[PDB]
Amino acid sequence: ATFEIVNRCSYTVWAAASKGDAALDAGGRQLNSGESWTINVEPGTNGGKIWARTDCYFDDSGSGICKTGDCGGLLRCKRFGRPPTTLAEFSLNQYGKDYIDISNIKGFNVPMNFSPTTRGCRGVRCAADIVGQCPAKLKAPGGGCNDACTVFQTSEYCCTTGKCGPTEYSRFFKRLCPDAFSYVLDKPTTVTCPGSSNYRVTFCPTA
């Protein structure tokens, strides 16, 4: 229920936390380089996500724009953010267990490590330089690395059938981050944790 969101990047990020229809805790906060933000998530939260936003501008009421991960121009996110966005996904207290993962299905903007701060399971990590190695057709002009579905809107990339396979692009994401979801029907890299665990999301976990 406790998530410490740490920004080890050299640049300011704007952390966001939402379960799709509502904000988790405040829903969003500015994180300068090195700052930590502890948030509390309801037990039993299904389908929550934490991500980082890049190059944000907000007014005095918390309205503005982010060049990655914008959630309707809000500082305190109540909706999911705009791709490209590296996703820390979690479902808490699901029949006794927690389930965590990192997803590149909505693209990649900032590296992250998603680890438990309590005993019982391992962490996941996507820290490679996906933005620097991004294929030309996927690069967001000011947003990092898009996913194939965001760029091309085809059944194969978006898995609207529910019977899809890997591509060039998913395979690039999976080559740079094997621990993260590259496409929808990817072999699950989901980690099972003891119910009611606590976690740390670290942006730019490495150098």
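One rule holds for the numbers: they count along the sequence shown, beginning at 1.
Per the record, averaged over C-alpha atoms, which has the higher B-factor: 103-111 or 68-76? Per the deposited B-factors, the answer is 68-76.
Taking the mean of the C-alpha B-factors per stretch from the entry, tell me the winner out of 194-202 and 5-13. Of 5-13 and 194-202, the stretch with the higher C-alpha B-factor average is 194-202.
Quiz for you: based on the deposited Cα B-factor, which of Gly132, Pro83, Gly123, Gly120 is highest? That would be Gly120, according to the entry.
Based on what the PDB entry reports, which of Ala180, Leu31, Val151, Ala140 has the top C-alpha B-factor? Among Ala180, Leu31, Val151, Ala140, the PDB entry lists the largest C-alpha B-factor for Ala140.
Lowest, middle or highest third: where is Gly44 by C-alpha B factor in its chain? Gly44: CA B-factor falls in the middle third of its chain.
Comparing against every modelled residue in the chain, figure out the third that the C-alpha B-factor of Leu176 lands in (lowest, middle or highest). It falls in the bottom third of the chain.
For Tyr57, does the deposited CA B-factor place it in the lowest, middle or highest third of the chain? Within its chain, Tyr57 is a middle-third residue by C-alpha B-factor, going by the deposited values.
Based on the deposited C-alpha B factors for this chain, I'd like to know if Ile50 is in the lowest, middle or highest third. Bottom third by C-alpha B-factor.
Using the B-factor values recorded in the entry, state whether the Cα atom of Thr167 falls in the lowest, middle or highest third among the modelled residues of its chain. Middle third - that is where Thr167 ends up once the chain's C-alpha B-factors are sorted.
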